[PDB]
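> Mind looking over this structure? Questions follow.
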Amino acid sequence: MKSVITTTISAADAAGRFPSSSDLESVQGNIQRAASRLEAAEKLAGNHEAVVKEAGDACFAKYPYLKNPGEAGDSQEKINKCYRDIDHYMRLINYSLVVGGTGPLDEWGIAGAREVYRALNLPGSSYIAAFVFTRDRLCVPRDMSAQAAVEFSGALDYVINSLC
Amino acid sequence: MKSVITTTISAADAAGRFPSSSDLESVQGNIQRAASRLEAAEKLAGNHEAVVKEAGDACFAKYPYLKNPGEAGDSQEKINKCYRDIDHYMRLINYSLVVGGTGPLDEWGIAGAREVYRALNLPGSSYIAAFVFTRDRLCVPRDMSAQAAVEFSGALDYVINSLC
Amino acid sequence: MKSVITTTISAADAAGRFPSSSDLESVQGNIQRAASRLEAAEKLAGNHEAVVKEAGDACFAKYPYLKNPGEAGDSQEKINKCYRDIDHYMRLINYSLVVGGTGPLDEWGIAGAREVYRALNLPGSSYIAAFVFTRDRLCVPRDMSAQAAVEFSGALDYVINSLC
Amino acid sequence: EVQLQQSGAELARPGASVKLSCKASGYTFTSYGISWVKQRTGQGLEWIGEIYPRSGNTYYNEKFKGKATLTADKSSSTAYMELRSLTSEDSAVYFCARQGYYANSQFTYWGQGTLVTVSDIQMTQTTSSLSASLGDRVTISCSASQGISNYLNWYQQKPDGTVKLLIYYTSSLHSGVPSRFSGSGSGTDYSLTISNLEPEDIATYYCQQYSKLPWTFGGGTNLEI
Amino acid sequence: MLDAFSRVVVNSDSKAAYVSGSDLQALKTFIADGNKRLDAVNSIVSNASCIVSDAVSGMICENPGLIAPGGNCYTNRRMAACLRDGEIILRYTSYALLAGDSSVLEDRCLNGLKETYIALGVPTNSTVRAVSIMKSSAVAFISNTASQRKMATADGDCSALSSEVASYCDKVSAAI
Amino acid sequence: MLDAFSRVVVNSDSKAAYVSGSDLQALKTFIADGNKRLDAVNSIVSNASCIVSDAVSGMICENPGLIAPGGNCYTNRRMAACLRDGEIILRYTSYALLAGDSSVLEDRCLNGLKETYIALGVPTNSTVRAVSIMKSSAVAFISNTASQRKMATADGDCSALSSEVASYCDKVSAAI
Amino acid sequence: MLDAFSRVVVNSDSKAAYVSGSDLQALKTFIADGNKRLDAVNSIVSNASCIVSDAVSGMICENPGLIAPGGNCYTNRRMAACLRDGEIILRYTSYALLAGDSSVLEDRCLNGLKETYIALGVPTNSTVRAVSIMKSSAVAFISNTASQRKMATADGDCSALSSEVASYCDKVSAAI
Ligand SMILES: *[C@@H](C)[C@H]1/C(=C/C2=NC(=C\c3[nH]c(C[C@H]4NC(=O)C(C=C)=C4C)c(C)c3CCC(=O)O)/C(CCC(=O)O)=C2C)NC(=O)[C@@H]1C
Ligand SMILES: *[C@@H](C)[C@H]1/C(=C/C2=NC(=C\c3[nH]c(C[C@H]4NC(=O)C(C=C)=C4C)c(C)c3CCC(=O)O)/C(CCC(=O)O)=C2C)NC(=O)[C@@H]1C
Ligand SMILES: *[C@@H](C)[C@H]1/C(=C/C2=NC(=C\c3[nH]c(C[C@H]4NC(=O)C(C=C)=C4C)c(C)c3CCC(=O)O)/C(CCC(=O)O)=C2C)NC(=O)[C@@H]1C
Ligand SMILES: *[C@H](C)[C@H]1/C(=C/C2=NC(=C\c3[nH]c(C[C@H]4NC(=O)C(C=C)=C4C)c(C)c3CCC(=O)O)/C(CCC(=O)O)=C2C)NC(=O)[C@@H]1C
Ligand SMILES: C=CC1=C(C)[C@@H](Cc2[nH]c(/C=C3N=C(/C=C4\NC(=O)[C@H](C)[C@H]4CC)C(C)=C\3CCC(=O)O)c(CCC(=O)O)c2C)NC1=O
Ligand SMILES: C=CC1=C(C)[C@@H](Cc2[nH]c(/C=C3N=C(/C=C4\NC(=O)[C@H](C)[C@H]4CC)C(C)=C\3CCC(=O)O)c(CCC(=O)O)c2C)NC1=O
Ligand SMILES: C=CC1=C(C)[C@@H](Cc2[nH]c(/C=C3N=C(/C=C4\NC(=O)[C@H](C)[C@H]4CC)C(C)=C\3CCC(=O)O)c(CCC(=O)O)c2C)NC1=O
Ligand SMILES: C=CC1=C(C)[C@@H](Cc2[nH]c(/C=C3N=C(/C=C4\NC(=O)[C@H](C)[C@H]4CC)C(C)=C\3CCC(=O)O)c(CCC(=O)O)c2C)NC1=O
Ligand SMILES: C=CC1=C(C)[C@@H](Cc2[nH]c(/C=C3N=C(/C=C4\NC(=O)[C@H](C)[C@H]4CC)C(C)=C\3CCC(=O)O)c(CCC(=O)O)c2C)NC1=O
Ligand SMILES: C=CC1=C(C)[C@@H](Cc2[nH]c(/C=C3N=C(/C=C4\NC(=O)[C@H](C)[C@H]4CC)C(C)=C\3CCC(=O)O)c(CCC(=O)O)c2C)NC1=O
Ligand SMILES: CCC1=C(C)[C@@H](CC2=N/C(=C\c3[nH]c(C[C@@H]4NC(=O)C(C)=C4CC)c(C)c3CCC(=O)O)C(CCC(=O)O)=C2C)NC1=O
Ligand SMILES: CCC1=C(C)[C@@H](CC2=N/C(=C\c3[nH]c(C[C@@H]4NC(=O)C(C)=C4CC)c(C)c3CCC(=O)O)C(CCC(=O)O)=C2C)NC1=O
Ligand SMILES: CCC1=C(C)[C@@H](CC2=N/C(=C\c3[nH]c(C[C@@H]4NC(=O)C(C)=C4CC)c(C)c3CCC(=O)O)C(CCC(=O)O)=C2C)NC1=O
């Protein structure tokens, strides 16, 4: 997974270098931003059921045509799969906050999402609606601290831009 | 110029990626360790004449054979070159402390030093003696703070290991 | 520009071969199927205004949410651009029927359509609705001969599968 | 502005041919089509056919196929209707109208009208004549044989004979139409509402579907005060 | 590539000088504004998609000849290439903003970009118009003055970072 | 590369026009003469070795300095390269004849051929002489007027294909 | 590769579970000891040359047959390769120590290392002896118990990082 540690160790290994002052400095940044990103991860992990339910409700409210026959979510099982997909993305965002990098998202939700959603007629706009609602729904300091919100919204914007 | 920022941005560019959370987090580490490494750079920059003089004196004290004809330092011009080389290395170490990485050292003192010193019969062990003396001469907190000393000694150890 | 002639000439050139029996035979296939595909092209070229209008109307009827603010086609100019896009695709299909290969479509409508439509929030399902309606709207022998219909529906299915 | 000047009234004999003309000005000729509408004496409008000069493509009402031939001249920015085998049934006033392409498929601007002497969606205007007074709010309603998708245009035909596009897409006002006019309808039933009637509104009003070819007009409702 | 710190040391190396106290103080100012710089980069990257798409759309809307036949944004392939170039330019501008130095942008995106665009027939005027729309949008996002989206940050002055983003985009426009 | 149909399409695409009735009729004429075009290509390819060898030999016979020391056909290596270049030019001319369009020949053989020959010292005059002898022999084979080789075809007029072959060879000569 | 955080994430992903409070607390402990981990990595890398040279020299001194003819450290080339991959093993061990996870070491150094050494004739016993001397020296440097080199650190207990270094070296030895 992409992260501060993996990025700098990969750069060191590509050059065949022992970890130098720059790599230790980047890991110090890991240490510094860990508080905020792990607070965001803890809040998301402890509240993901409600967050995913709200995101999916917003997705289907913005795009009621998804319920129409032949569309994604025209059956109850497909709606459950939509909420499960939002759960998967929220869990990958929790993983990204824990890791400190987009690696979990990149490798487990984004890498082939374009082809999967094209093959299964899943419009990326619905996922974008769920994630945009999740990002806008978060408020500070009620849900998390300001920097935890920064990290959480950064991961949400990352997945949104992966879908855009 | 290897640094936290340059390593991070080069890794992002190699993957065609916008700066991500881990990129900003590495730069946060730059911010966190900058105080110590810039304190070390300021102390070295403000005291480099005496430090270089001491390092060169230690190099020639440990290897008086360098004064023998045909050896490096058999003339006053060559001894001045020796001290100028130690000044070059200390300036590159000051640059590395300012940059936050070994980039300046790698590109300006290390990259071809092996071939240069082989061609000119310059024993790397004399440079190592100067840098080891400088590293062991530093006193905390008399000369600099503990973490500034850590950064300075890390740069010196990097030079020594480049010559080993 | 992918076609029978260009494909076999490219294969001959890659092997540094003069045209041989196989290449002339494939061009004979060009000669044989040209009647049907050029009939389809003539019918489409002489009736593209009505066909494009019907396809766009079907697209917006199947997806009325496109008229909602923030969606593609929430302004009259964007609706005109949707019909213009269907015009572009129908013209590229006319080009493919004339050429006898998907080359015009591949190079001018398909090559970057994924990234363009992702960037501009243009759901591929709307284009697919327009083209599926056009394919199902065609009647034999009312609008085309059977083989002309085969070629026209083949081009339409090709663009649909490029969007799927 | 858009004018679409038509040729003068031409008199012919049964079995002869008449080449009607329509010179377009004020707009790019190839950015629009040219539709031709037949109106018999005291009858409703009837779409003959449309030609798009950009491609030269012609679309004809099946009732006028071979009877009418549409050609256009991009150099002179003019369009021609050629009537063949003229009869008493062809005695009518023929209009040329600027036709939009895809979603703007509206007869936005009409010609003055050239008089000539000797599965379709049925558009029904139930009330063929309505009488009202100044300042009244009159409602003109028409029904489509099959469901259309709000693709309805309303046309004001003055007693002078000139035809103007009032409302397109069932609700959108034309460039010069005052807010007193309004339209409504979603399925098969559509209504044209004129609030605070004025003497300039004394005209015959036609609803025209452009959901499916051939384009069809309603019978028309004459509004008198 | 160089960052602000490496730029300072390169300037210092031209005179064989240890990094001076004034240059050190400028770098401490860079560090003290480091959190604001990270917020600025985050503002750009979190809105990079709409920045690039809006810039290309505005360039095309102001210059409809680009999407006409023979225009450089005509086909879907050319439009995708234009959007990709806008994304690449914004990515390197964000690299410069993160680094505090334009060396990455110049060396890895602008070196030969003008000649490449001339060879490809990419209109320089439209390219700089798109780059200027990206500049305006990115500056608004740094200043949190974007009309349709706001990013929560501690209140303060990021005008130095706005000017830095504008200067990077100006380097892009002047290079081509 | 483009063929005749793709050439018509590219011309139509410049105006965002569907392929018009006149261009359609021209392509239908191309199809109706398709069997004659295949016969012409077959005539060229079935005699390609003889065409190329005869052209290079005639170029050398009319310019004996080519095989003298310092001449560009002097050694066996230079002779083989010259015969290979003649074969390549004839092959791309036959590609153009089969395609009905010069795009393949231009882009894949004539692009940079003049500059390459200048850099190599290949004499342009002798190259065009060889290409013109190839043109004459290939035209004769199209018309079945070759003295020592006749190929059976249905009686008819292939002057259009002969003129196409001549025009492709003329494009080759004018490129260098 | 994986770090400690990505390792926790991968373990959580096996159950489709969000990172639980226990794993979160373990990662905060990893963060709370992050400065000690950086000091440990710094101690190893600042003495990497001495660690590797001392380990290879001790392996040779305890097994003099390595430098005899037919021994795997016989020539200067074999000696250089032995020192080089001792440095490589120490570098990947330091990578694991920095990452907090063995994934980088396993995947990028230990994958196929045993088979490669078997194919080359590199004696596994001597390799593990060198790796164990590196383990001892690196552990001493982590604990700042090296006799001839002391590095200033805040007083405390780095036994967890020392055990991590020992476990990475043990993974190296067990792989071969
Ligand atoms: C212009 C860019 C903005 C703006 C920026 C400010 N934010 C300030 C403080 C601040 N921001 C962060 C987050 C930032 N640093 C990081 O470590 C990362 C990610 C790795 C990011 C994205 C932090 C941690 C802080 C420090 C205190 C806090 O938590 O808020 C700030 C105050 C000055 C400063 O402390 O640097 C400003 C002005 N705010 C604006 O007004 C515009 C829109
Ligand atoms: C100038 C090139 C010639 C010439 C050509 C003609 N051949 C005619 C007809 C014709 N040729 C073929 C063979 C051709 N088509 C193929 O399928 C292939 C290979 C795959 C080849 C080589 C066919 C099948 C036909 C049609 C029926 C037949 O005659 O066998 C032809 C008549 C016009 C036409 O049908 O296109 C002509 C004039 N004949 C000449 O006089 C010169 C030397
Ligand atoms: C075992 C490895 C050592 C040891 C480690 C400890 N050092 C402690 C604190 C500490 N160390 C650093 C430097 C470290 N962090 C960085 O930012 C970098 C480089 C980028 C390095 C090399 C810092 C900043 C700190 C915190 C403040 C300070 O003391 O300077 C420490 C205390 C616990 C902790 O803070 O993590 C210990 C025990 N000391 C030992 O006894 C052995 C030999
Ligand atoms: C089987 C009998 C049909 C059917 C016939 C109808 N289609 C009608 C007209 C119509 N068809 C198209 C599309 C079709 N015509 C073309 O020229 C081409 C080829 C490029 C295609 C794909 C259009 C655009 C139209 C409108 C008028 C025209 O331009 O021809 C039609 C007339 C009434 C109407 O337009 O709704 C009918 C009833 N009936 C069926 O349900 C199947 C599909
Ligand atoms: C950890 C990785 C992971 C993800 C990131 C998601 C992504 C994902 N979604 C689907 C697949 C699906 N996803 C949806 C859900 C949706 N329907 C709607 O109304 C919307 C458009 C959309 C959510 C917004 C549907 C309906 C399917 C089933 C379609 C099918 O498999 O044929 C699939 C195919 C596998 C399957 O059958 O489930 C995958 C991999 N799922 C994963 O396992
Ligand atoms: C910024 C880059 C940079 C460096 C890092 C140094 C590196 C360096 N050193 C020397 C060259 C030299 N350096 C020394 C110095 C020494 N004599 C001793 O007693 C020791 C072995 C050694 C220092 C410990 C001497 C004596 C020479 C002269 C060449 C020679 O000895 O033949 C030269 C060649 C040019 C010259 O003659 O000065 C260079 C490039 N110089 C630079 O400009
Ligand atoms: C010859 C090549 C060629 C094509 C094949 C199409 C493809 C295409 N479409 C658009 C661009 C567009 N196309 C549409 C049309 C649509 N809106 C809707 O209601 C639907 C979802 C969709 C058709 C079904 C719209 C609205 C835009 C602009 C998007 C925006 O708002 O930025 C663009 C960008 C250039 C531009 O600004 O026009 C391109 C290249 N156009 C071409 O020039
Ligand atoms: C790191 C540096 C870097 C860049 C900045 C670009 C530079 C670049 N641009 C193009 C290629 C291109 N450049 C554009 C883009 C544009 N045409 C327009 O209408 C706009 C004005 C403009 C963007 C604003 C287009 C459309 C092409 C293709 C040329 C054509 O087909 O006409 C290409 C060739 C193929 C490609 O990779 O896209 C390259 C290398 N890419 C890079 O890797
Ligand atoms: C697709 C395009 C294409 C071509 C047409 C040629 C183009 C070409 N020709 C030559 C190379 C050459 N070109 C020739 C040929 C000639 N010298 C003569 O005396 C004649 C006038 C003339 C042919 C009629 C010779 C002899 C050389 C070698 C140059 C020399 O040794 O002087 C070379 C360099 C490598 C090589 O030897 O092949 C190339 C790339 N090859 C291709 O792939
Ligand atoms: C990332 C993984 C990685 C490593 C760990 C090494 C692994 C490795 N080592 C050797 C190569 C070798 N390995 C050694 C080293 C040794 N000889 C001894 O006496 C000791 C027991 C032992 C180390 C302690 C020697 C001497 C050879 C060459 C074998 C020979 O010449 O007999 C080779 C073959 C090519 C080369 O020289 O690089 C490889 C791939 N390299 C890597 O890139
Ligand atoms: C239909 C073709 C079309 C467009 C697309 C726009 C393109 C456009 N938007 C701009 C400017 C612009 N655009 C955005 C982005 C956008 N605005 C927001 O407030 C947010 C969050 C957005 C989500 C999409 C921003 C942030 C700005 C900067 C000013 C602003 O805050 O709006 C500018 C001015 C830049 C300049 O002059 O250099 C233009 C031309 N105009 C058009 O006619
Ligand atoms: C000894 C050096 C030498 C040669 C070799 C020739 C080369 C040569 N042959 C020609 C012309 C030429 N050459 C051929 C090919 C050839 N002829 C046939 O009739 C058949 C079937 C052939 C099998 C080899 C053809 C078909 C022509 C066209 C007219 C002809 O039939 O002669 C031409 C005229 C082309 C022009 O002027 O552009 C020349 C110069 N002459 C020489 O002095
Ligand atoms: C002549 C062939 C030769 C050698 C070389 C050594 C090799 C050697 N040194 C060791 C052990 C060892 N070696 C070092 C490194 C070294 N010692 C220091 O104290 C410092 C700072 C050093 C700089 C060079 C350290 C740090 C240790 C760990 C214990 C110690 O502090 O000495 C060990 C024990 C490791 C084990 O058993 O696994 C050995 C065998 N012995 C030999 O016979």
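> Would you mind giving the mean number of other chain beta-carbons within 10 Å of the Cβ of each residue in C:72-78, as a whole number?
On the way: counts 1, 1, 0, 0, 4, 1, 0.
Average per residue, whole number: 1.
> Would you kindly calculate the translational diffusion coefficient of region B:71-152, applying Stokes-Einstein with the Kirkwood radius from alpha carbon pairs, for 10 °C and a viscosity of 1.306 mPa s, and quote it in µm² s⁻¹ without decimals? Can you show the working numbers first?
Numbers: Rh = 13.9 Å.
Translational diffusion coefficient: 114 µm²/s.
> Also: Taking the Cα centroid of region B:144-164 and of region G:86-146, what is the distance between the two, rounded to the nearest whole Å?
24 Å
> Would you tell me the mean number of C-beta atoms belonging to other protein chains that fall within 10 Å of each C-beta in F:10-23, as a whole number?
6
> Sorting check: for F:104-117, E:47-60, which peptide has the highest mean count of neighbouring beta carbons within 10 Å, and how do the rest follow?
E:47-60, F:104-117
> I'd like the FRET efficiency for residue F:152 and residue F:78, computed as 1/(1 + (r/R0)^6) with the beta carbon distance as r and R0 of 30 Å, rounded to 0.05.
0.20
> For residue B:68, go 7 angstrom from Cα along the Cα-to-Cβ vector, then report the distances to that same point in the other copies in nm, smallest first.
When each copy's label point is compared with this one, the spacings are 9.0, 9.5 nm.
> If you don't mind, another one. Quickly estimate the mean residue ellipticity at 222 nm for chain E, helices only: each DSSP H run with n ≥ 4 gives -39500 (n - 2.57), and the total goes over all residues, rounded to 500.
The helix contribution divided over chain E gives -22000 deg cm²/dmol.
> Under a point spin-label approximation (7 Å from Cα along Cα-to-Cβ), what is the residue E:160-residue G:107 distance to one decimal in nm?
So the label points at residue E:160 and residue G:107 sit 4.0 nm apart.
> Same structure again: Skipping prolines and chain starts, which residues have an amide H placed within reach, meaning under 5 Å, of the one on residue D:130, given they are 5 or more residues away or on another chain?
Amide H neighbours of residue D:130: D:222, D:223, D:224.
> Once you sort the root eigenvalues of the Cα gyration tensor of region D:101-185 as a ≥ b ≥ c, which label holds: rounded (a/c under 1.5), prolate (a/b larger than b/c) or oblate (the other case)?
rounded
> Another question about this same structure. Using amide H atoms built in the peptide plane, which far-off residues or other-chain residues are under 5 Å from residue D:6 H to H?
Under 5 Å from the amide H of residue D:6: D:23, D:112, D:113.
> Please give the Cα centre distance for region E:1-15 versus region A:1-80, rounded to the nearest Å.
Centre-to-centre (Cα) distance: 36 Å.
> Please give the FRET efficiency for residue D:127 paired with residue D:175, using the beta carbon to beta carbon distance and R0 = 30 Å, rounded to the nearest 0.05.
Numbers: r = 28 Å, r/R0 = 0.93.
Plugging the Cβ-Cβ distance into 1/(1 + (r/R0)^6) gives 0.60.
> In terms of Cα to Cα distance under 21 Å, which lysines are near enough to residue B:78, apart from those fewer than 8 places away along the same chain?
B:53, B:62, B:67
> Pairs of alpha-carbon atoms within less than 8 angstrom and 6+ residues apart define the contacts here; what relative contact order does region E:1-104 have, in percent?
Numbers: 68 pairs, mean separation 42.4, N = 104.
With pairs under 8 Å counted, the relative contact order is 41 percent.
> A further question follows. Show me, bin by bin at 5 Å from 0, the whole-percent P(r) of region G:10-82 based on Cα pairs.
The distribution over region G:10-82 is 4, 13, 13, 11, 9, 8, 8, 9, 10, 9, 5, 1, given as percents.
> I need the inter-copy label distances for residue E:124: point set 7 Å along Cα to C-beta, values in nm with one decimal, smallest first.
Output for residue E:124: 3.0, 6.7 nm, nearest copy listed first.
> Starting from the exponent 0.38 and prefactor 2.2 Å, build the expected Rg for region A:1-114 from its residue count and divide its actual Cα Rg by it.
Compactness ratio reported: 1.40.
> Shortest first and in nm to one decimal, what separations exist between residue B:121 and its copies in the other chains, measuring from label points 7 Å along the Cα-to-beta-carbon line?
Spelled out, the distances from residue B:121's label point are 7.6, 8.5 nm.
> Can you spot the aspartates and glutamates whose alpha carbon is less than 17 Å from residue F:171's alpha carbon? Ignore those fewer than 8 places along the same chain.
Filter leaves F:3, F:85, F:87, F:101, F:106, F:107, F:115.
> Relative contact order (percent) for chain F, with alpha-carbon contacts under 8 angstrom and 6 or more residues of separation?
Once normalised by length, the contact order is 30 percent.
> Tell me the angle of helix G:21-32 to the major Cα principal axis of chain G, expressed in degrees between 0 and 90 and rounded to the nearest ten.
The helix G:21-32 is inclined about 60 degrees to chain G.
> I need the phi-derived Karplus couplings for region A:55-70: 6.51 cos²θ - 1.76 cosθ + 1.60, θ = phi - 60°, integer Hz, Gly and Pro marked x.
5, x, 4, 5, 4, 6, 6, 5, 10, x, 4, 4, 6, 5, x, x
> List residues of region F:20-56, by number, whose backbone nitrogen lies under 18 Å from a label position 7 Å along Cα→C-beta of residue F:120.
Backbone N within reach: F:52-56.
> FRET efficiency for residue B:111 and residue D:119, Cβ-Cβ distance as r, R0 = 60 Å, nearest 0.05?
The pair residue B:111/residue D:119 has a calculated efficiency of 0.15.
> Right, another one. Explain nothing, just the number: relative contact order of chain B, from Cα pairs under 8 Å at least 6 residues apart, as a whole percent. Don't skip to the answer; put the middle values down first.
Details: 179 pairs, mean separation 50.4, N = 164.
Relative contact order of chain B: 31 percent.
> Largest first and in whole Å, give the semi-axes of the protein assembly as shown's equivalent ellipsoid, each being the square root of 5 times a Cα gyration tensor eigenvalue.
With the √(5λ) rule applied to the protein assembly as shown, the semi-axes are 72, 45, 27 Å.
> What is the Cα centroid distance between region D:51-122 and region D:182-214, reported in whole angstrom?
A separation of 22 Å, based on Cα centres.
> Distances over 22 Å make up what percent of all Cα-Cα pairs in chain G?
So the portion of pairs separated by more than 22 Å is 48 percent.
> Which of the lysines could be linked to residue G:150 by a straight reach, that is with a Cα gap under 16 Å, when you skip same-chain ones fewer than 8 residues away?
G:36
Using ideal geometry, Cβ is built from the backbone for each residue, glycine included, and neighbour counts are taken over all protein chains shown. Every number in this text was worked out from the coordinates using simple rules, so none of it is lab data.
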